[PDB]
Amino acid sequence: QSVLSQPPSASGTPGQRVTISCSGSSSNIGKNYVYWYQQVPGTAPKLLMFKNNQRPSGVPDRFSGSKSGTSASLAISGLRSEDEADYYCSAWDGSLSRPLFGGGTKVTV
Amino acid sequence: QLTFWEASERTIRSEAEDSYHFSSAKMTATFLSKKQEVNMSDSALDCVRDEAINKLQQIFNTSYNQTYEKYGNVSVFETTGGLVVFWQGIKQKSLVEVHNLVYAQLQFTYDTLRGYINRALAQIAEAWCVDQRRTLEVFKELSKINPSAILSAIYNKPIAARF
Amino acid sequence: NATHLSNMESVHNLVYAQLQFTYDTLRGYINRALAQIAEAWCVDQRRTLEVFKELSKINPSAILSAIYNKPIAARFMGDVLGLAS
Amino acid sequence: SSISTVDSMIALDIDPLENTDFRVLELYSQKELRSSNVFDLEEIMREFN
Amino acid sequence: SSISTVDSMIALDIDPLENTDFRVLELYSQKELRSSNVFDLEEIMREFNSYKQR
Amino acid sequence: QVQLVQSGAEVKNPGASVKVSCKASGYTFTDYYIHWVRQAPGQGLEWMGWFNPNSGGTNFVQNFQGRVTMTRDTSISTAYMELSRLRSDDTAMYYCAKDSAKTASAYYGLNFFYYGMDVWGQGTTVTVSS
Ligand SMILES: *[C@@H]1O[C@H](CO)[C@@H](O[C@@H]2O[C@H](CO)[C@@H](O[C@@H]3O[C@H](CO)[C@@H](O)[C@H](O)[C@@H]3O)[C@H](O)[C@H]2NC(C)=O)[C@H](O)[C@H]1NC(C)=O
Ligand SMILES: *[C@@H]1O[C@H](CO)[C@@H](O[C@@H]2O[C@H](CO)[C@@H](O)[C@H](O)[C@H]2NC(C)=O)[C@H](O)[C@H]1NC(C)=O
Ligand SMILES: *[C@@H]1O[C@H](CO)[C@@H](O[C@@H]2O[C@H](CO)[C@@H](O)[C@H](O)[C@H]2NC(C)=O)[C@H](O)[C@H]1NC(C)=O
Ligand SMILES: *[C@@H]1O[C@H](CO)[C@@H](O)[C@H](O)[C@H]1NC(C)=O
Ligand SMILES: *[C@@H]1O[C@H](CO)[C@@H](O)[C@H](O)[C@H]1NC(C)=O
Ligand SMILES: *[C@@H]1O[C@H](CO)[C@@H](O)[C@H](O)[C@H]1NC(C)=O
């Protein structure tokens, strides 16, 4: 229904690429933007993608975003030691009239 | 500060990724509004709020028979061009049954074409699939006689195979 | 039925004419292309119907199932196919 | 006769795009555009005359 | 599973045209349009009034 | 710089109320909406609601409805949220985040919409223990 689902964990190797998926519904991600937030463990969450793909100032260029219909994808390249964090996807849902967060794609790298 | 410009009936609102499109065939114009509504109980709309609500009620009473019913509350939007839009959704009941506004027309062009094309081609696609399905079965039956010819036709390369 | 000049002021911008031209040209081209496609589709479907008819003499059941997208058991009995259970 | 005929014509009926006669929308009339100015040159010149 | 299946579909994946919100482009702002005139009527009338009330 | 500051760690008993303060800096406090979010110590984020500094309106998820009192101080530029009738499931970290959706356009005041919580507070840890 009006819920967001993303994989519970992801892994990889340094210097490689890791893709985090975010599956939505006909509402929310379907007809709304997908905002991506990063949360390093033990610290407050931060913003990583303030649109479908657009990247805020100061965020490293390694992160890229894509939107395809009912789903969204975040590609992390390089995958250094500082990219080990939770990654939450969020989207406004009009049926519930409410922002929706995923579950968390913990990067274990 | 606000004066009545024009009231449009049977307006079609379409929710895009970032903005609402208030397409209107009577005006032949589509107005884009950001997705966050203007607060209706504002101090700047005091001199048009009553008039707009009364006009909406009158239009609903006149131009819509008993089949249709109200939906939502009167919502205020601020279009990109500076115009102010009062909106009241209509729905069929179930089981009861800038000085120059050329841009406003220009959008109505795109949404009229981008829509229609996105339906037309879609129909073709669906029809294509159906035909292809039938064709596959043809192949199967015609694979009983000369499998090699059918496989060469499918893969566009000479392939030899017996039944 | 002839009318009289009504003395209106001409619109300076004159982009509305170009917009109408754009809409007319695009609509005409789209309609012509889709008509062409529909005609070619009709001809191809006629040929596919004839192919279906000829393949019916071999295996009526498969052909009729493909046409009706459902299990259909039919038997060959000459110029006419007989449906059954 | 009394025999069913196989319906195997995949219908592709694409309704043509109906014509649109774009209006010449008028937001502000000439009277409003002339009255939007605090200082009207014609009135000032008439007063001077 | 050992046998393979012959894909006999001629793909026709046509990506739909994406929506486009047209910008309300403004070349010259109102300030520049007002500043584009050598003779500003308001200033002239203000100076004339100042002359009268002096 | 644009930033938010929250109160320190707090411990409360069930049945009591806890107040969390969010002080803005580097930007006008009455321009942007304020999202209030909560996350458990070992779980994901959980939206609580939105607040409008300019007008004072607020809306929260049914779970937090009725239990939340929202106040503001424009002079200090601080928003205060008081949560009452605490249960044993409210032990978590509370974040306040500046939204990118302005509370007022060039002419009119705007309702709430979600345009991304670009700026986040340091987070306040609240524990509910006996
Ligand atoms: C749109 O603007 C209106 C007015 O500008 C906002 O309504 C105002 O909302 C606030 C917060 O809900 C009200 O304050 C509260 O009112 C009650 C009165 O019983 C009281 O319990 C509280 O102590 C508190 O003061 C305020 O009265 C109300 N004003 C009016 C005129 O209705 C509305 O919230 C805005 N919409 C938004 C921000 O989405
Ligand atoms: C439209 O306005 C009406 C009032 O005219 C709203 O109805 C209220 O809804 C709230 C929220 O559930 C109730 O507590 C009130 O009892 C309702 N009535 C009144 C008189 O306040 C309604 O929510 C508004 N919105 C929609 C979408 O209908
Ligand atoms: C164009 O106008 C002229 C002048 O009004 C028309 O000529 C006369 O029209 C009257 C009716 O108004 C007729 O009774 C006369 O017989 C017409 N001819 C003459 C010589 O006076 C003319 O008919 C109009 N043209 C059209 C196409 O309607
Ligand atoms: C730009 O570089 C990034 C590095 O992460 C890469 O992922 C991306 O594909 C590059 N862009 C293009 C268009 O190839
Ligand atoms: C529409 O009809 C209703 C039902 O009688 C009435 O209450 C309302 O005032 C009418 N609105 C008008 C006449 O604008
Ligand atoms: C009411 O208007 C709708 C709009 O098309 C129409 O379909 C319907 O038939 C109308 N109701 C009656 C009773 O004719």
# chains A, B, ... in the order shown; residues from 1 in each chain; ligands from 1

call {"tool": "closest_atom_pairs", "arguments": {"of": "region 3-45 of chain B", "to": "region 98-106 of chain F", "cutoff": "9 Å", "atoms": "only C-alpha atoms", "output": "Markdown table"}}
result
| residue | atom | partner | partner_atom | distance |
| --- | --- | --- | --- | --- |
| B:36 | CA | F:101 | CA | 8.3 |
| B:38 | CA | F:105 | CA | 8.4 |
| B:39 | CA | F:104 | CA | 8.9 |

call {"tool": "residues_near_ligand", "arguments": {"ligand": "ligand 6", "cutoff": "8 Å", "atoms": "only C-alpha atoms and all ligand atoms", "output": "list in words"}}
result
residues 64, 65, 66, 67 and 68 of chain B

call {"tool": "write_last_selection", "arguments": {"atoms": "N, CA, C and O atoms", "output": "PDB file, in the first residue's frame"}}
result
ATOM      1  N   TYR B  64     -23.596  21.257 -12.776  1.00  0.00           N
ATOM      2  CA  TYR B  64     -23.459  19.845 -12.441  1.00  0.00           C
ATOM      3  C   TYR B  64     -24.771  19.335 -11.869  1.00  0.00           C
ATOM      4  O   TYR B  64     -25.293  19.901 -10.902  1.00  0.00           O
ATOM      5  N   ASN B  65     -25.299  18.267 -12.462  1.00  0.00           N
ATOM      6  CA  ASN B  65     -26.564  17.694 -12.020  1.00  0.00           C
ATOM      7  C   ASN B  65     -26.320  16.792 -10.809  1.00  0.00           C
ATOM      8  O   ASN B  65     -25.247  16.800 -10.199  1.00  0.00           O
ATOM      9  N   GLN B  66     -27.329  15.997 -10.445  1.00  0.00           N
ATOM     10  CA  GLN B  66     -27.257  15.174  -9.244  1.00  0.00           C
ATOM     11  C   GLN B  66     -26.262  14.026  -9.353  1.00  0.00           C
ATOM     12  O   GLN B  66     -25.964  13.397  -8.332  1.00  0.00           O
ATOM     13  N   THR B  67     -25.748  13.733 -10.550  1.00  0.00           N
ATOM     14  CA  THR B  67     -24.796  12.634 -10.690  1.00  0.00           C
ATOM     15  C   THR B  67     -23.489  12.938  -9.968  1.00  0.00           C
ATOM     16  O   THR B  67     -22.904  12.054  -9.330  1.00  0.00           O
ATOM     17  N   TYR B  68     -23.019  14.176 -10.055  1.00  0.00           N
ATOM     18  CA  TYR B  68     -21.746  14.565  -9.470  1.00  0.00           C
ATOM     19  C   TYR B  68     -21.925  15.036  -8.029  1.00  0.00           C
ATOM     20  O   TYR B  68     -23.021  15.395  -7.594  1.00  0.00           O
TER      21      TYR B  68
END

call {"tool": "residues_around", "arguments": {"residues": "residue 100 (chain B)", "least_positions_apart": "2", "cutoff": "9 Å", "atoms": "only C-alpha atoms", "output": "ChimeraX atom specification"}}
result
/B:98,102-104 /C:13 /D:25-28

call {"tool": "write_last_selection", "arguments": {"atoms": "N, CA and C atoms", "output": "tab-separated table (two decimals), in the first residue's frame"}}
result
chain	number	residue	atom	x	y	z
B	98	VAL	N	1.67	37.33	-15.52
B	98	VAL	CA	2.16	37.89	-16.77
B	98	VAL	C	0.99	38.34	-17.63
B	102	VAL	N	0.06	33.49	-23.15
B	102	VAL	CA	0.30	32.50	-24.19
B	102	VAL	C	0.96	31.28	-23.59
B	103	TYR	N	1.85	31.49	-22.62
B	103	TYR	CA	2.49	30.36	-21.97
B	103	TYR	C	1.44	29.43	-21.38
B	104	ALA	N	0.37	29.99	-20.81
B	104	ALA	CA	-0.68	29.15	-20.26
B	104	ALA	C	-1.29	28.27	-21.33
C	13	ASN	N	1.99	40.74	-29.80
C	13	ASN	CA	2.99	39.69	-29.61
C	13	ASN	C	3.02	38.72	-30.78
D	25	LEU	N	-6.45	34.85	-25.18
D	25	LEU	CA	-6.79	35.19	-23.81
D	25	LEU	C	-6.35	36.62	-23.49
D	26	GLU	N	-7.25	37.38	-22.87
D	26	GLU	CA	-7.00	38.77	-22.51
D	26	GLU	C	-7.03	38.88	-21.00
D	27	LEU	N	-5.86	39.11	-20.39
D	27	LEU	CA	-5.79	39.21	-18.94
D	27	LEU	C	-6.20	40.59	-18.46
D	28	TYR	N	-5.48	41.63	-18.89
D	28	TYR	CA	-5.78	43.01	-18.54
D	28	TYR	C	-6.24	43.75	-19.79

call {"tool": "closest_atom_pairs", "arguments": {"of": "chain A", "to": "ligand 4", "cutoff": "10 Å", "atoms": "only C-alpha atoms and all ligand atoms", "output": "CSV"}}
result
residue,atom,partner,partner_atom_place_in_ligand_line,distance
A:16,CA,ligand 4,5 (O),9.6
A:17,CA,ligand 4,5 (O),8.0
A:60,CA,ligand 4,5 (O),9.1
A:61,CA,ligand 4,5 (O),6.3
A:62,CA,ligand 4,5 (O),4.0
A:63,CA,ligand 4,5 (O),6.0
A:64,CA,ligand 4,7 (O),6.2
A:65,CA,ligand 4,7 (O),9.2
A:75,CA,ligand 4,7 (O),6.9
A:76,CA,ligand 4,5 (O),6.6
A:77,CA,ligand 4,5 (O),4.6
A:78,CA,ligand 4,5 (O),7.0
A:79,CA,ligand 4,5 (O),9.6

call {"tool": "atom_distance", "arguments": {"atom1": "CA of residue 81 (chain B)", "atom2": "CA of residue 24 (chain B)"}}
result
15.6 Å

call {"tool": "closest_residue", "arguments": {"among": "A:42, A:97, A:80, A:66", "to": "ligand 2", "atoms": "only C-alpha atoms and all ligand atoms"}}
result
A:97

call {"tool": "residues_near_ligand", "arguments": {"ligand": "ligand 2", "cutoff": "10 Å", "atoms": "only C-alpha atoms and all ligand atoms", "output": "list in words"}}
result
residues 70, 71, 72, 73, 74 and 75 of chain B

call {"tool": "residues_near_ligand", "arguments": {"ligand": "ligand 1", "cutoff": "9 Å", "atoms": "only C-alpha atoms and all ligand atoms", "output": "list in words"}}
result
residues 38, 39, 40, 41, 42 and 43 of chain B; 51, 52, 53, 54, 55, 56, 57, 58, 59, 71, 103, 109, 110, 111 and 112 of chain F

call {"tool": "write_last_selection", "arguments": {"atoms": "N, CA and C atoms", "output": "CSV table (one decimal), in the first residue's frame"}}
result
chain,number,residue,atom,x,y,z
B,38,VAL,N,-1.8,27.4,-0.9
B,38,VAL,CA,-1.9,28.7,-0.2
B,38,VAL,C,-2.9,28.6,0.9
B,39,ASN,N,-2.4,29.0,2.1
B,39,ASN,CA,-3.3,28.9,3.3
B,39,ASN,C,-4.6,29.7,3.1
B,40,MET,N,-5.7,28.9,3.1
B,40,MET,CA,-7.0,29.6,2.7
B,40,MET,C,-7.4,30.7,3.7
B,41,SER,N,-7.2,30.4,5.0
B,41,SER,CA,-7.5,31.4,6.1
B,41,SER,C,-6.4,32.4,6.2
B,42,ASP,N,-6.0,33.0,5.1
B,42,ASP,CA,-5.0,34.1,5.1
B,42,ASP,C,-5.6,35.4,5.1
B,43,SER,N,-4.8,36.4,5.5
B,43,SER,CA,-5.3,37.8,5.7
B,43,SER,C,-5.3,38.5,4.3
F,51,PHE,N,5.6,21.3,12.2
F,51,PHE,CA,5.2,22.6,12.9
F,51,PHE,C,5.5,23.8,12.0
F,52,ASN,N,4.7,24.8,12.1
F,52,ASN,CA,4.8,26.0,11.3
F,52,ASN,C,5.2,27.2,12.3
F,53,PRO,N,6.5,27.6,12.3
F,53,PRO,CA,6.9,28.6,13.2
F,53,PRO,C,6.2,30.0,13.0
F,54,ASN,N,5.9,30.3,11.7
F,54,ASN,CA,5.3,31.6,11.4
F,54,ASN,C,3.9,31.7,11.9
F,55,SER,N,3.1,30.7,11.8
F,55,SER,CA,1.7,30.7,12.1
F,55,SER,C,1.3,29.9,13.4
F,56,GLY,N,2.2,29.0,13.8
F,56,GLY,CA,1.9,28.2,15.0
F,56,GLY,C,1.1,26.9,14.8
F,57,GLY,N,0.6,26.7,13.6
F,57,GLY,CA,-0.1,25.4,13.3
F,57,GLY,C,0.9,24.2,13.3
F,58,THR,N,0.3,23.1,13.7
F,58,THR,CA,1.1,21.8,13.7
F,58,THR,C,0.2,20.6,13.5
F,59,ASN,N,0.9,19.5,13.0
F,59,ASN,CA,0.1,18.3,12.8
F,59,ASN,C,1.1,17.1,13.1
F,71,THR,N,4.8,24.9,21.4
F,71,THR,CA,5.0,26.4,21.7
F,71,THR,C,6.2,26.9,20.9
F,103,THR,N,7.3,28.9,4.8
F,103,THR,CA,6.0,29.1,5.5
F,103,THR,C,5.1,30.1,4.8
F,109,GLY,N,0.7,33.1,2.7
F,109,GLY,CA,1.2,32.0,3.5
F,109,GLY,C,0.8,30.7,2.9
F,110,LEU,N,1.7,29.7,3.0
F,110,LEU,CA,1.6,28.4,2.4
F,110,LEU,C,1.4,27.3,3.4
F,111,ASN,N,0.6,26.3,3.0
F,111,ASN,CA,0.4,25.1,3.8
F,111,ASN,C,1.7,24.3,3.8
F,112,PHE,N,1.6,23.1,4.4
F,112,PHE,CA,2.7,22.2,4.6
F,112,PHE,C,2.9,21.3,3.4

call {"tool": "atom_distance", "arguments": {"atom1": "CA of residue 11 (chain B)", "atom2": "CA of residue 77 (chain B)"}}
result
14.0 Å

call {"tool": "residues_around", "arguments": {"residues": "residue 10 (chain D)", "least_positions_apart": "5", "cutoff": "9 Å", "atoms": "only C-alpha atoms", "output": "list in words"}}
result
residues 127, 130 and 131 of chain B; 41, 42 and 45 of chain C

call {"tool": "interface_residues", "arguments": {"of": "chain E", "to": "chain D", "cutoff": "9 Å", "atoms": "only C-alpha atoms", "output": "MDAnalysis selection string"}}
result
chainID E and resid 41:42 45

call {"tool": "residues_near_ligand", "arguments": {"ligand": "ligand 3", "cutoff": "9 Å", "atoms": "only C-alpha atoms and all ligand atoms", "output": "ChimeraX atom specification"}}
result
/C:1-4

call {"tool": "write_last_selection", "arguments": {"atoms": "C-alpha atoms", "output": "PDB file, in the first residue's frame"}}
result
ATOM      1  CA  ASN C   1     -24.104  36.132 -44.238  1.00  0.00           C
ATOM      2  CA  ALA C   2     -21.278  38.616 -44.761  1.00  0.00           C
ATOM      3  CA  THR C   3     -20.403  40.669 -41.683  1.00  0.00           C
ATOM      4  CA  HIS C   4     -18.765  44.065 -41.107  1.00  0.00           C
TER       5      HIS C   4
END

call {"tool": "select_by_dssp", "arguments": {"residues": "chain C", "states": "alpha helix (DSSP H)", "output": "VMD selection string"}}
result
chain C and resid 15 to 56 60 to 68

call {"tool": "closest_atom_pairs", "arguments": {"of": "chain B", "to": "ligand 5", "cutoff": "12 Å", "atoms": "only C-alpha atoms and all ligand atoms", "output": "Markdown table"}}
result
| residue | atom | partner | partner_atom_place_in_ligand_line | distance |
| --- | --- | --- | --- | --- |
| B:50 | CA | ligand 5 | 14 (O) | 11.1 |
| B:51 | CA | ligand 5 | 14 (O) | 10.2 |
| B:52 | CA | ligand 5 | 14 (O) | 10.6 |
| B:53 | CA | ligand 5 | 14 (O) | 8.7 |
| B:54 | CA | ligand 5 | 14 (O) | 5.5 |
| B:55 | CA | ligand 5 | 14 (O) | 6.7 |
| B:56 | CA | ligand 5 | 14 (O) | 7.6 |
| B:57 | CA | ligand 5 | 14 (O) | 4.6 |
| B:58 | CA | ligand 5 | 14 (O) | 3.6 |
| B:59 | CA | ligand 5 | 14 (O) | 7.4 |
| B:60 | CA | ligand 5 | 1 (C) | 7.3 |
| B:61 | CA | ligand 5 | 1 (C) | 4.9 |
| B:62 | CA | ligand 5 | 1 (C) | 8.2 |
| B:63 | CA | ligand 5 | 1 (C) | 11.2 |
| B:64 | CA | ligand 5 | 1 (C) | 10.9 |
| B:65 | CA | ligand 5 | 2 (O) | 11.3 |
| B:66 | CA | ligand 5 | 2 (O) | 11.3 |
| B:69 | CA | ligand 5 | 1 (C) | 12.0 |
| B:70 | CA | ligand 5 | 1 (C) | 11.5 |

call {"tool": "residues_around", "arguments": {"residues": "residue 32 (chain C)", "least_positions_apart": "4", "cutoff": "12 Å", "atoms": "only C-alpha atoms", "output": "PDB file with C-alpha atoms, in the first residue's frame"}}
result
ATOM      1  CA  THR C  25       1.229  20.717 -37.810  1.00  0.00           C
ATOM      2  CA  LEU C  26       1.846  18.244 -34.990  1.00  0.00           C
ATOM      3  CA  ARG C  27      -1.781  17.077 -34.970  1.00  0.00           C
ATOM      4  CA  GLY C  28      -1.814  16.561 -38.731  1.00  0.00           C
ATOM      5  CA  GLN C  36      -0.844   4.698 -42.003  1.00  0.00           C
ATOM      6  CA  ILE C  37       0.041   2.397 -39.103  1.00  0.00           C
ATOM      7  CA  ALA C  38      -3.589   1.331 -38.642  1.00  0.00           C
ATOM      8  CA  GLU C  39      -3.950   0.459 -42.332  1.00  0.00           C
TER       9      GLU C  39
ATOM     10  CA  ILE D  14      -6.734   5.077 -32.566  1.00  0.00           C
ATOM     11  CA  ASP D  15      -9.210   7.935 -32.231  1.00  0.00           C
ATOM     12  CA  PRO D  16      -7.751  10.965 -34.052  1.00  0.00           C
ATOM     13  CA  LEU D  17      -6.679  14.049 -32.144  1.00  0.00           C
TER      14      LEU D  17
END

call {"tool": "closest_atom_pairs", "arguments": {"of": "chain C", "to": "chain D", "cutoff": "9 Å", "atoms": "only C-alpha atoms", "output": "JSON lines"}}
result
{"residue": "C:11", "atom": "CA", "partner": "D:24", "partner_atom": "CA", "distance": 8.7}
{"residue": "C:16", "atom": "CA", "partner": "D:24", "partner_atom": "CA", "distance": 7.2}
{"residue": "C:19", "atom": "CA", "partner": "D:22", "partner_atom": "CA", "distance": 8.5}
{"residue": "C:20", "atom": "CA", "partner": "D:22", "partner_atom": "CA", "distance": 6.7}
{"residue": "C:23", "atom": "CA", "partner": "D:20", "partner_atom": "CA", "distance": 8.1}
{"residue": "C:24", "atom": "CA", "partner": "D:19", "partner_atom": "CA", "distance": 7.9}
{"residue": "C:27", "atom": "CA", "partner": "D:17", "partner_atom": "CA", "distance": 6.4}
{"residue": "C:28", "atom": "CA", "partner": "D:17", "partner_atom": "CA", "distance": 8.6}
{"residue": "C:30", "atom": "CA", "partner": "D:17", "partner_atom": "CA", "distance": 8.1}
{"residue": "C:31", "atom": "CA", "partner": "D:16", "partner_atom": "CA", "distance": 5.9}
{"residue": "C:34", "atom": "CA", "partner": "D:14", "partner_atom": "CA", "distance": 7.2}
{"residue": "C:35", "atom": "CA", "partner": "D:14", "partner_atom": "CA", "distance": 8.1}
{"residue": "C:38", "atom": "CA", "partner": "D:12", "partner_atom": "CA", "distance": 6.3}
{"residue": "C:41", "atom": "CA", "partner": "D:12", "partner_atom": "CA", "distance": 7.6}
{"residue": "C:42", "atom": "CA", "partner": "D:9", "partner_atom": "CA", "distance": 7.8}
{"residue": "C:45", "atom": "CA", "partner": "D:9", "partner_atom": "CA", "distance": 6.1}
{"residue": "C:46", "atom": "CA", "partner": "D:9", "partner_atom": "CA", "distance": 7.4}
{"residue": "C:48", "atom": "CA", "partner": "D:8", "partner_atom": "CA", "distance": 8.6}
{"residue": "C:49", "atom": "CA", "partner": "D:8", "partner_atom": "CA", "distance": 6.4}
{"residue": "C:52", "atom": "CA", "partner": "D:8", "partner_atom": "CA", "distance": 8.7}
{"residue": "C:64", "atom": "CA", "partner": "D:6", "partner_atom": "CA", "distance": 8.2}
{"residue": "C:67", "atom": "CA", "partner": "D:8", "partner_atom": "CA", "distance": 6.3}
{"residue": "C:68", "atom": "CA", "partner": "D:8", "partner_atom": "CA", "distance": 8.4}
{"residue": "C:80", "atom": "CA", "partner": "D:3", "partner_atom": "CA", "distance": 8.2}

call {"tool": "write_last_selection", "arguments": {"atoms": "N, CA and C atoms", "output": "tab-separated table (two decimals), in the first residue's frame"}}
result
chain	number	residue	atom	x	y	z
C	11	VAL	N	-3.28	42.19	-31.87
C	11	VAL	CA	-2.41	41.72	-30.79
C	11	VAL	C	-0.96	41.87	-31.22
C	16	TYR	N	0.62	33.71	-30.58
C	16	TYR	CA	-0.54	32.81	-30.61
C	16	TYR	C	-0.69	32.15	-31.98
C	19	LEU	N	1.82	29.37	-32.15
C	19	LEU	CA	1.38	28.25	-31.32
C	19	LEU	C	0.29	27.44	-32.02
C	20	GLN	N	-0.67	28.13	-32.64
C	20	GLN	CA	-1.71	27.43	-33.39
C	20	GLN	C	-1.11	26.65	-34.56
C	23	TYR	N	0.48	23.48	-33.14
C	23	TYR	CA	-0.52	22.47	-32.80
C	23	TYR	C	-1.09	21.83	-34.05
C	24	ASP	N	-1.40	22.63	-35.08
C	24	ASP	CA	-1.99	22.08	-36.29
C	24	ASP	C	-1.02	21.15	-37.01
C	27	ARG	N	-0.57	17.89	-34.91
C	27	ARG	CA	-1.78	17.08	-34.97
C	27	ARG	C	-1.93	16.40	-36.33
C	28	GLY	N	-1.70	17.15	-37.41
C	28	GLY	CA	-1.81	16.56	-38.73
C	28	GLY	C	-0.83	15.43	-38.95
C	30	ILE	N	0.71	13.56	-36.67
C	30	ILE	CA	0.39	12.42	-35.82
C	30	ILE	C	-0.79	11.64	-36.40
C	31	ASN	N	-1.83	12.34	-36.84
C	31	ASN	CA	-3.00	11.66	-37.39
C	31	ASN	C	-2.63	10.87	-38.65
C	34	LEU	N	-0.54	7.72	-37.64
C	34	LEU	CA	-1.33	6.68	-37.00
C	34	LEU	C	-2.31	6.04	-37.97
C	35	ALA	N	-2.83	6.80	-38.94
C	35	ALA	CA	-3.69	6.21	-39.96
C	35	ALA	C	-2.91	5.21	-40.81
C	38	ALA	N	-2.37	2.11	-38.78
C	38	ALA	CA	-3.59	1.33	-38.64
C	38	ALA	C	-3.89	0.54	-39.91
C	41	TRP	N	-1.48	-2.33	-40.18
C	41	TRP	CA	-1.89	-3.32	-39.19
C	41	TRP	C	-3.07	-4.14	-39.69
C	42	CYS	N	-4.07	-3.48	-40.29
C	42	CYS	CA	-5.23	-4.21	-40.80
C	42	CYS	C	-4.82	-5.21	-41.87
C	45	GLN	N	-3.05	-8.12	-40.25
C	45	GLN	CA	-4.00	-8.97	-39.53
C	45	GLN	C	-4.83	-9.82	-40.49
C	46	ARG	N	-5.16	-9.29	-41.67
C	46	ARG	CA	-5.85	-10.11	-42.66
C	46	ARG	C	-4.97	-11.28	-43.09
C	48	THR	N	-2.54	-12.63	-41.39
C	48	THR	CA	-2.45	-13.54	-40.24
C	48	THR	C	-3.72	-14.36	-40.07
C	49	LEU	N	-4.88	-13.78	-40.39
C	49	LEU	CA	-6.12	-14.55	-40.38
C	49	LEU	C	-6.07	-15.69	-41.39
C	52	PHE	N	-3.89	-18.34	-40.00
C	52	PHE	CA	-4.65	-19.09	-39.00
C	52	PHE	C	-5.56	-20.11	-39.66
C	64	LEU	N	-7.01	-22.11	-32.24
C	64	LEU	CA	-8.16	-21.47	-31.60
C	64	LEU	C	-7.85	-21.03	-30.17
C	67	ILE	N	-5.95	-17.82	-30.53
C	67	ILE	CA	-6.84	-16.73	-30.92
C	67	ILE	C	-7.69	-16.27	-29.74
C	68	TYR	N	-8.14	-17.20	-28.90
C	68	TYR	CA	-9.04	-16.86	-27.80
C	68	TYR	C	-8.35	-16.83	-26.44
C	80	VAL	N	-15.09	-26.93	-41.77
C	80	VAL	CA	-15.53	-26.31	-40.53
C	80	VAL	C	-14.88	-27.05	-39.36

call {"tool": "residues_around", "arguments": {"residues": "region 46-48 of chain F", "least_positions_apart": "5", "cutoff": "7 Å", "atoms": "only C-alpha atoms", "output": "ChimeraX atom specification"}}
result
/F:36-39,60-61,64

call {"tool": "closest_atom_pairs", "arguments": {"of": "chain E", "to": "chain A", "cutoff": "12 Å", "atoms": "only C-alpha atoms", "output": "tab-separated table"}}
result
residue	atom	partner	partner_atom	distance
E:15	CA	A:68	CA	10.9
E:16	CA	A:69	CA	10.8
E:18	CA	A:69	CA	10.6
E:19	CA	A:31	CA	11.0

call {"tool": "write_last_selection", "arguments": {"atoms": "N, CA and C atoms", "output": "compact mmCIF listing (two decimals), in the first residue's frame"}}
result
# COMPACT_ATOMS: atom_id res chain seq x y z
N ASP E 15 9.58 4.08 -24.32
CA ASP E 15 9.54 4.87 -23.10
C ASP E 15 8.60 6.06 -23.28
N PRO E 16 7.63 6.25 -22.39
CA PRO E 16 6.70 7.38 -22.54
C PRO E 16 7.42 8.71 -22.37
N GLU E 18 8.31 12.15 -20.97
CA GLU E 18 8.23 12.63 -19.60
C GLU E 18 7.65 14.04 -19.55
N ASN E 19 7.04 14.36 -18.41
CA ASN E 19 6.40 15.65 -18.23
C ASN E 19 7.43 16.77 -18.20

call {"tool": "decode", "arguments": {"residues": "region 31-44 of chain E", "atoms": "C-alpha atoms", "output": "JSON list (two decimals), in the first residue's frame"}}
result
[["chain", "number", "residue", "atom", "x", "y", "z"],
["E", 31, "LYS", "CA", 13.02, 47.63, -12.33],
["E", 32, "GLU", "CA", 14.96, 47.54, -15.60],
["E", 33, "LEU", "CA", 11.85, 48.39, -17.62],
["E", 34, "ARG", "CA", 11.23, 51.42, -15.40],
["E", 35, "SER", "CA", 14.92, 52.41, -15.57],
["E", 36, "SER", "CA", 15.00, 52.10, -19.38],
["E", 37, "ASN", "CA", 13.42, 55.56, -19.85],
["E", 38, "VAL", "CA", 15.40, 58.80, -19.81],
["E", 39, "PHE", "CA", 12.30, 60.83, -18.87],
["E", 40, "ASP", "CA", 10.56, 59.49, -15.75],
["E", 41, "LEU", "CA", 7.13, 61.10, -15.47],
["E", 42, "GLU", "CA", 6.88, 60.63, -11.70],
["E", 43, "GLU", "CA", 10.18, 62.41, -11.05],
["E", 44, "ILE", "CA", 9.28, 65.27, -13.42]]
